[PDB]
Structure formats: C-alpha cells, structure tokens
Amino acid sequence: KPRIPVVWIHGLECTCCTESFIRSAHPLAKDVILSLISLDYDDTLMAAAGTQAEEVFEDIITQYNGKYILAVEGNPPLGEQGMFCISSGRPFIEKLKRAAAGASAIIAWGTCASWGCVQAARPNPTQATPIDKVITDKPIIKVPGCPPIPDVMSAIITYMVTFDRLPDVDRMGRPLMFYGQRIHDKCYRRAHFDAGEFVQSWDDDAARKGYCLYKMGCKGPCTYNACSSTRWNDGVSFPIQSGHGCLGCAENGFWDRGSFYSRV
C-alpha cells in the first residue's frame, strides 16, 4: 500500500531533532523511512540538491496537496525581512507558509519549532518565532524538548500511522501520552527530595549516592516530559540519572528562567 507522504523542513535550528529521530531504537528510523512513512523531502538526508531538491519540494506538495504531514524542525526569524534564514534565495518563512498551506497537519519537533529554543533566548537577535505564531490555520502538534526523546518521536509517529489520528494533546498542543506528567512526578530520586537528601556540591558524598539535584538547580519540578520514565537512548539514562539537574528543556522560555544552577 502507498505510505503517508511527509515533508520535513528546517528553519533556524541545530539539527538535534533530526539526530534524535535517527536514534530511534523501536522502530528503527530505517524501518520508519522504508516501511511506515514516505519521507518525501528532508534537506539533511535527500540525494537531490539545489534545483533538483526544489523540484522534489514542488512536485510533492502539489501531487499530495492536502494529504501530507509537514514536520518542522527549527523556526523562522522575523528580523532582517526573514533573511536570517534563506532558502532558495528567499526568506525561509515563505517555504514554511507554502509547505503549511498544503499540509493536513503539522508536527512541531523540538523546543525550536514549539517555542523558540536557544535562538529565541534574550535578546533574540533574529526575532526567532515558534511555528504556531506564524501558522494559525492548521493543526500543530508540539513535541518539545531539546531535542525530544528519540523513542518518543518514533512512538508519536507510530501512533499516528497505526491509529490514523493525531495524538490527544494538552492545552499547549503537546501529546498527553508523553507530556501529561512532570519529570519530578516520575523521578527515581524523589525519595531523596522527600527526605531532604540533596547534593550540595558536585561529587560530594550525596552525589555519589544518587541524592536529589534540587539544590543544584534541577528544573524537573516545573518540566513536562517522559525522561524520568521512558528515559533516553534505548532506556540507558536521562539527565538526572547521570548526575545533572533537568535544565527544563521541554518548557517554553527555559533558557531565560535563570541560571540552570539556581534552585526553583
């Protein structure tokens, strides 16, 4: 049977969300691409460049108008008439708007597409702007995190393909399945938090016993994500398990909530 067309575009970004996607353990990103979806445009991976890539973009959004999913990594800058991000000699935002207009739905991968992420941190030199403030007439599913968890990205994809529907979302457009609870409400160090058992300086005796990172600035109490349950890289670890507090990286404006080492 034909696979669902997907167009994956890139604005201002670091490409962490593409890299996260290809880490997927189950299904492998290989199997997502060969068997689950038709990844019809993606600057990072496609053979064609230049005029050949422009022909792919135009052919897919025309032939599959109304029928493709648009994945967005990164975000558009409004500064300098949009020419902080140039694609085919024109502002990126024009490509975002053309791709959005034909899409059935939009996946905003990462904190960049969802909220703004690092380029939007003060003083936001480029006026980097999240997708939902530019595209106001399409369903947008926010999948935040810098980047999101690989097997969360692939589970959201498999949910959509298998169940033939968007995931149910919270009031911010995040999938309830992975963003319904806070890091701190599924954290294996919560016993230590409840007991007042805290790391006070790096590599102290508390640190060597896996005590709570709250006094080292952990933002798990105000951050919604699946890192403390699903974990990272085929379940191997997450920030807190390896001894660093949560930075808050799945939350809007997390770069500007103060030092990562200042307590909540």
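A residue's number is simply how far along the shown sequence it sits, counting from 1.
Query raised in the report: On average, are the C-alpha B-factors higher in 90 to 98 or in 143 to 151?
Result: Between 90 to 98 and 143 to 151, it is 90 to 98.
Requested in this report: With reference to the PDB entry, specify whether the mean Cα temperature factor is higher for 108 to 116 or for 158 to 166.
Outcome: On average, C-alpha B-factors are higher across 158 to 166.
Query raised in the report: Going by the entry, which of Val236, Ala226, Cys212, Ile37 has the most elevated CA B factor?
Result: Of the candidates given, the C-alpha B-factor peaks at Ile37.
Query - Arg122 - Cα temperature factor, lowest/middle/highest third of chain - result: Its C-alpha B-factor belongs to the middle third of this chain's values.
Query raised in the report: Lowest, middle or highest third of the chain for the C-alpha temperature factor of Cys218?
Result: For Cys218, whose C-alpha B-factor we compare with every modelled residue in the chain, the answer is the lowest third.
Query raised in the report: Lowest, middle or highest third of the chain for the C-alpha temperature factor of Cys187?
Result: According to the entry, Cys187 has a C-alpha B-factor in the chain's lowest third.
Requested in this report: Place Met177 in the lowest, middle or highest third of its chain's C-alpha B-factors, as listed in the PDB entry.
Outcome: It falls in the bottom third of the chain.
Query raised in the report: What third of its chain's C-alpha B-factors does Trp202 belong to: lowest, middle or highest?
Result: According to the entry, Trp202 has a C-alpha B-factor in the chain's lowest third.
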